[PDB]
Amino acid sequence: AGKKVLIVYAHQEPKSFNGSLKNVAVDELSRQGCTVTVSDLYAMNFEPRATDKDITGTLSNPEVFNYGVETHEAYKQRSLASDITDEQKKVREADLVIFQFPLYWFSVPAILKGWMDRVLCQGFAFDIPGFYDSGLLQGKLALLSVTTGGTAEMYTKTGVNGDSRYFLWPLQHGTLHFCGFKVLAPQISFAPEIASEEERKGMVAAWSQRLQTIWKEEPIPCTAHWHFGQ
């Protein structure tokens, strides 16, 4: 406060561990006096497909469809579909975007992948130039709050899954850094379903505590070295 937060939330069940994490984030950020908005993608039936329906009116080139060029032209000419533009208005206003999701195949669920693909379009989130340190959402913070089915030990460099930082790369680097975000340290809640009824409260109460001082945090160095190195 005075800060705005967008929580993009991708879980089907409000009673889930993910739902609890989204709800404590709203509760704690609302208590601090921050402005809070939640894009509840499943409840919204959010469209994940990148298709020519994302441009309204008439196309730059209706013989050969190029999603990147069409949506770039459409963002410049204010003719993107209203579900996209609604989400761009949220992100444009936000000082922090928190993604809350269960890890699906070492990445985001498809409905959230579709939000990244369709809302983070050229002209809005990035351009030539304006990417990585210079991306168009520069100034803004982003944070992945991810839950996993695999344990922390599975997610080490010599573990069956590799270090968590390895799967973070396309999300933190290739997507958030790329668009300009400073990335806060991910919040990774390992294997909640196998944890006890408390312990899970440890993790929820722990995210609420972290959120108390989120605006004091320095963003990680979003480097190949941070992700893979020594």
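Rigid core: the largest C-alpha set superposing within 1.5 Å between the two forms. Note that residue numbering begins at 1 and tracks the sequence as displayed.
Between 137 to 145 and 121 to 129, larger RMS Cα displacement in 9 other deposited structures of this protein after core fit: It is 121 to 129 whose C-alphas lie farther from the shown form in 9 other deposited structures of this protein.
*Stretch with larger C-alpha RMS deviation in 9 other deposited structures of this protein, core superposed, 57 to 65 versus 160 to 168*: Checking 57 to 65 against 160 to 168 in 9 other deposited structures of this protein, I find the farther stretch is 57 to 65.
Requested in this report: Going by the average Cα B-factor in the PDB entry, point out whether 200 to 208 or 166 to 174 comes out higher.
Outcome: According to the PDB entry, the answer is 200 to 208.
**OP:** Averaging the C-alpha B factors as listed in the entry, name the stretch that ends up higher: 29 to 37 or 62 to 70.
**Re:** Higher mean C-alpha B-factor: 62 to 70.
Maximum C-alpha temperature factor per the entry, among 128, 91, 111, 119, belongs to which one? Of the candidates given, the C-alpha B-factor peaks at 128.
- Which one of 82, 77, 147, 107 shows the top CA temperature factor in the record? Of the candidates given, the C-alpha B-factor peaks at 77.
Give the position of residue 95 by CA B-factor within its chain, expressed as the lowest, middle or highest third. Its C-alpha B-factor, which the entry lists for residue 95, ranks in the middle third among residues of this chain.
Record-listed C-alpha B factor of residue 11: chain third:
Lowest third, going by the recorded CA B-factors of the chain.
Where does the C-alpha B-factor of residue 186 rank in its chain, lowest, middle or highest third?
Ranked within chain, residue 186 CA B lands in the middle tercile.
* Asked: Ranked by Cα temperature factor within the chain, is residue 159 in the lowest third, the middle third or the highest third?
  -> Highest third - that is where residue 159 ends up once the chain's C-alpha B-factors are sorted.
| message | Where does the C-alpha B-factor of residue 180 rank in its chain, lowest, middle or highest third? | response | Middle third of the chain for residue 180's C-alpha B-factor.
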